[PDB]
file start_9.csv (CSV, C-alpha atoms)
chain,number,residue,atom,x,y,z
A,1,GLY,CA,72.9,100.0,121.8
A,2,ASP,CA,69.2,100.7,121.3
A,3,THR,CA,67.0,98.3,123.3
A,4,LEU,CA,63.4,99.6,123.6
A,5,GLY,CA,63.0,102.9,125.5
A,6,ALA,CA,59.4,103.2,124.5
A,7,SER,CA,58.4,106.7,125.9
A,8,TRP,CA,57.4,108.9,123.0
A,9,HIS,CA,54.1,108.6,121.0
A,10,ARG,CA,55.6,107.1,117.8
A,11,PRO,CA,57.0,110.2,116.1
A,12,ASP,CA,57.8,110.4,112.3
A,13,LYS,CA,59.3,113.3,110.4
A,14,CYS,CA,59.0,117.1,110.0
A,15,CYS,CA,62.1,118.5,108.3
A,16,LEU,CA,65.8,118.1,107.6
A,17,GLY,CA,66.5,119.4,111.1
A,18,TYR,CA,68.5,122.3,109.6
A,19,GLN,CA,70.3,122.8,106.3
A,20,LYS,CA,73.9,121.7,106.8
A,21,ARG,CA,75.3,122.8,103.4
A,22,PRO,CA,75.3,126.3,102.2
A,23,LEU,CA,72.2,127.3,100.1
A,24,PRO,CA,71.9,130.2,97.7
A,25,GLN,CA,68.8,132.3,97.2
A,26,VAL,CA,68.8,133.1,93.5
A,27,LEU,CA,68.3,129.4,92.9
A,28,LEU,CA,65.3,128.8,95.2
A,29,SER,CA,61.8,130.4,95.0
A,30,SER,CA,60.3,131.2,98.4
A,31,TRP,CA,60.0,129.8,102.0
A,32,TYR,CA,57.6,129.6,104.9
A,33,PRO,CA,57.9,129.5,108.7
A,34,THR,CA,57.0,126.2,110.5
A,35,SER,CA,55.4,125.5,113.9
A,36,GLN,CA,57.2,124.3,117.1
A,37,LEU,CA,54.8,121.3,117.2
A,38,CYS,CA,57.4,119.2,115.4
A,39,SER,CA,60.8,118.1,116.7
A,40,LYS,CA,62.5,121.3,115.5
A,41,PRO,CA,60.7,124.4,114.1
A,42,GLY,CA,62.4,127.1,112.1
A,43,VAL,CA,62.3,128.3,108.5
A,44,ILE,CA,62.0,126.1,105.4
A,45,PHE,CA,62.6,127.2,101.8
A,46,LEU,CA,61.2,126.1,98.5
A,47,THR,CA,63.2,125.9,95.2
A,48,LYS,CA,61.6,126.9,91.9
A,49,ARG,CA,60.3,123.4,91.1
A,50,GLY,CA,59.1,121.3,94.0
A,51,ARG,CA,62.0,120.9,96.5
A,52,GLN,CA,61.7,122.2,100.0
A,53,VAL,CA,64.5,123.0,102.5
A,54,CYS,CA,64.7,123.6,106.3
A,55,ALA,CA,67.3,125.8,107.9
A,56,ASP,CA,67.6,127.8,111.2
A,57,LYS,CA,66.1,131.2,110.3
A,58,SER,CA,68.8,132.5,112.6
A,59,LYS,CA,71.4,131.4,109.9
A,60,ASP,CA,73.1,134.5,108.4
A,61,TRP,CA,73.0,133.0,104.9
A,62,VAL,CA,69.3,132.0,105.5
A,63,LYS,CA,68.3,135.5,106.9
A,64,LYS,CA,69.4,136.8,103.5
A,65,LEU,CA,67.2,134.2,101.8
A,66,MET,CA,64.1,135.1,104.0
A,67,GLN,CA,64.8,138.7,103.0
A,68,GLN,CA,64.5,138.1,99.2
A,69,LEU,CA,62.1,135.2,99.4
A,70,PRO,CA,58.4,135.6,100.2
A,71,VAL,CA,57.2,133.8,103.4
A,72,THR,CA,54.9,131.4,101.5
A,73,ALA,CA,51.6,130.7,103.3
A,74,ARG,CA,47.9,129.9,102.9

call {"tool": "encode", "arguments": {"input": "start_9.csv", "output": "structure tokens"}}
result
Amino acid sequence: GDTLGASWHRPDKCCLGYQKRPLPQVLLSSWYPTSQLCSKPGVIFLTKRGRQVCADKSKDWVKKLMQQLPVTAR
């Protein structure tokens, strides 16, 4: 069902929750850590064009990514 359940403050979006499919690193450019102010903080990546990704920095495959990719910022 769904009904109302009005309790939050009208949320919106923040990330893909966490990458579900496997993602390489030689195909993306860099990444950048997010804040826990959203519904699920963690580490998001950035391809070499204009696409961003969001995965649990604690993801083995991701850790490797964060190691070769620069933590974008500023």

call {"tool": "atom_distance", "arguments": {"input": "start_9.csv", "atom1": "CA of residue 70 (chain A)", "atom2": "CA of residue 37 (chain A)"}}
result
22.5 Å

call {"tool": "closest_residue", "arguments": {"input": "start_9.csv", "among": "A:27, A:34, A:16, A:1", "to": "residue 53 (chain A)", "atoms": "all atoms listed in the file"}}
result
A:16

call {"tool": "residues_around", "arguments": {"input": "start_9.csv", "residues": "residue 41 (chain A)", "least_positions_apart": "2", "cutoff": "9 Å", "atoms": "all atoms listed in the file", "output": "list in words"}}
result
residues 14, 15, 17, 33, 34, 35, 36, 37, 38, 39, 43, 44, 54 and 56 of chain A

call {"tool": "closest_residue", "arguments": {"input": "start_9.csv", "among": "A:5, A:68, A:32, A:52", "to": "residue 19 (chain A)", "atoms": "all atoms listed in the file"}}
result
A:52

call {"tool": "atom_distance", "arguments": {"input": "start_9.csv", "atom1": "CA of residue 58 (chain A)", "atom2": "CA of residue 24 (chain A)"}}
result
15.4 Å

call {"tool": "atom_distance", "arguments": {"input": "start_9.csv", "atom1": "CA of residue 18 (chain A)", "atom2": "CA of residue 50 (chain A)"}}
result
18.2 Å
